[PDB]
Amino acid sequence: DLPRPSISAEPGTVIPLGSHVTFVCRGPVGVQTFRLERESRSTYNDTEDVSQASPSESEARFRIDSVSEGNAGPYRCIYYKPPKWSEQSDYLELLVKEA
């Protein structure tokens, strides 16, 4: 019923060691919480700092300032739009490029 959210990586999914990456989670209007799921160590980041790009969309961002090899692995977005949590987004595979 709730649309599956989308995940994007900026500047991309292949990232030099020490560089930043920003994950953008997008979903329907009215999302209360976006959660970035970091599969490799089973951790996550939550944010209520949600805003809209348009009337039918909302989004949130998660930045890793300095990527390390430990940041490689699958990432997904999931959102809370009461009453329920959404399905998980398709995964994005973060890969580290030593150079």
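Residue indices: 1-based, along the sequence shown.
Higher average CA B factor: 62-70, of the stretches 22-30 and 62-70.
Stretch comparison (1-9 versus 88-96) by mean CA B-factor in the PDB entry places 1-9 on top.
The PDB entry gives the largest Cα B-factor of the residues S56, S51, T47, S42 to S42. Annotation for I15: C-alpha temperature factor in the middle third relative to the rest of the modelled chain, per the entry.
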